[PDB]
Structures are given as C-alpha cells and as structure tokens.
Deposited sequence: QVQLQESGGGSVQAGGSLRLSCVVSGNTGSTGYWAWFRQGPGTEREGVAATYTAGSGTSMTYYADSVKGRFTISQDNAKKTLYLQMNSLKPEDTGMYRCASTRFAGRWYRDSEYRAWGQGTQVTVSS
C-alpha cells in the first residue's frame, strides 16, 4: 500500500553537492522510520523516526557531517542533502519506510521500498 518514489539523482563531480527527494503515498500511519539506503557497486545512510507527537534522526558514520536527512510533512517528501561527495558515495539510493525497526540501518527491517535514484560521483 505504501508507495515510495525517489528523484533528483545523477552524476556529480567529487566534492560536489546533491539533494535527493522521495515522495510517499498510501496508508502509512503516523509513526515509524523513513530512511535512505545506498546500493554501491545495501547500507543504511540516514533515517528519521517520526513519533507522531516528535522526531529522531540517525546517520551512518561514513556520512555524518556531510549528509542531512530532512522531510516536508505537508509535501509528503523526504530529502537527502549531500555535500562533499566522494567516489565511495556512488550507488543506487533507495528510500525505505517501516512502522517498526530495531536497527534503523538494517534493510531487512523495512517493508516499503522505492526503486531508487542513481548517484555517480566522478
């Protein structure tokens, strides 16, 4: 029922910036995890837990301080802002969501996935 669709990716030079988006539709309920994963040439990049009351955000150590996850709730859109891009950031960036997760960064805890948007860092 929950549908996720990513956009905004592409090819960028090392050191560059990029902002990815993912739109959500369907009966999500009010609380859960909304996350970005990357499949490089499937690791958790960043995630936000929305409590439905506030919010908690998590980052992978390799992107801390370079990436920012945010969301516009009125627009049902999740964002991944990327700065200081490195070649090892290359991959298919997929958004995922779930009502319940133990590890925010474990892909198998997520029940809804988008197809992804490719990011290739020169």
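Several segments of the deposited sequence are absent from the coordinates, namely 42 to 44, 57, 127.
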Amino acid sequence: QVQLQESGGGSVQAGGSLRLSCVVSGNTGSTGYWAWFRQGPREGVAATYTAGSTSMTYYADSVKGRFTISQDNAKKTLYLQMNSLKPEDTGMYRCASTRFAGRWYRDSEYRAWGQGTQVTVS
From here on, numbers count along this sequence of modelled residues.
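Legend: mean Cα B-factor per stretch from the PDB entry, 72 to 80 versus 44 to 52; the higher mean is in 44 to 52.
Just going by the entry, 17 to 25 versus 103 to 111 on mean CA temperature factor gives the higher value to 103 to 111. Ranking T57, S97, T90, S62 by the C-alpha B-factor listed in the PDB entry places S62 at the top.
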